[PDB]
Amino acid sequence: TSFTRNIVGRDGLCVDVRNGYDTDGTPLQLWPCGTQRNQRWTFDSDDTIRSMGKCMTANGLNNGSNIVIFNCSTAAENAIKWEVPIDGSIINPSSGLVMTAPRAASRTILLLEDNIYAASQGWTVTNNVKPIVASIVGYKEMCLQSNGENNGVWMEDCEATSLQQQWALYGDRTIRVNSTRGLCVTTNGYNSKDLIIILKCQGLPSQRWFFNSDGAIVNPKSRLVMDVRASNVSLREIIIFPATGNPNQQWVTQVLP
């Protein structure tokens, strides 16, 4: 009824108890992922998340409050309970605030903030601390492909040798250009028919994605899903659009060798 994993977030960095200290109040931070105990988090049936025998704890329940390690028996019960929504948030149910990495850098301190469905608020609970590398196969069994920073993504015939068809599925719920991992699949707005492009990863809601159980790739802020515009691969436009279940909105990941 408990199991232990790493927690991967912004830029593929892991949730880490700072300096490996277990003193009550020690802040959580981002740090490159490893096997050290201060990165091993045990998920207990009581909705606590523990490292080094102590609990992930909200040091306050306000926008901007720090998250720390703290003795599980002496902390406030409201401060040590966490849920893991399917879209990859880590939420404190009492406050409704979510774990956020406000900067990408090593040593960034983790805060509880208002949920804006930002990529800075995306996490993955896993023992694999490397991004998953896959092709994204969609409409007509074609492959999603990048075409440079600031340019659109679009469909092409799947090629084992096309590097721009290779995507790094990061723990922060970003979809990155595998060869250029500073770049993220980004919606150019939150409205229906806004185009999906590649932009520098900046932790934004426009860069957060969720692979749901219907084969859709969902942008949580907008609610909208990746769509091959007009079921017309020749337009070379992928947009966000409301979920319809139609073939031009169906996607599956295919792991690469």
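The first residue of the sequence shown is number 1, and the count goes up from there.
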*Taking the mean of the C-alpha B-factors per stretch from the entry, tell me the winner out of 169-177 and 141-149.*
141-149
_Quick check: 225-233 versus 56-64, which has the larger average CA B-factor in the record?_
56-64
*Which one, 39, 191, 29, 206, has the peak C-alpha temperature factor per the PDB entry?*
191
*Which of these has the highest Cα B-factor in the record: 182, 85, 122, 93?*
93
*Would you check the entry's CA temperature factor for residue 24 and let me know if it's in the chain's lowest, middle or highest third?*
middle
_Using the temperature factors of the C-alpha atoms in this entry, rank residue 104 within its chain: lowest, middle or highest third._
highest
*Would you please rank residue 252 by its C-alpha temperature factor against the other modelled residues of its chain and give the third it falls in: lowest, middle or highest?*
middle
*Report the third (lowest, middle or highest) to which the CA temperature factor of residue 186 belongs, ranking only the modelled residues of the same chain.*
lowest
_Considering every modelled residue of the chain and its Cα B-factor in the PDB entry, is residue 76 in the lowest, middle or highest third?_
highest
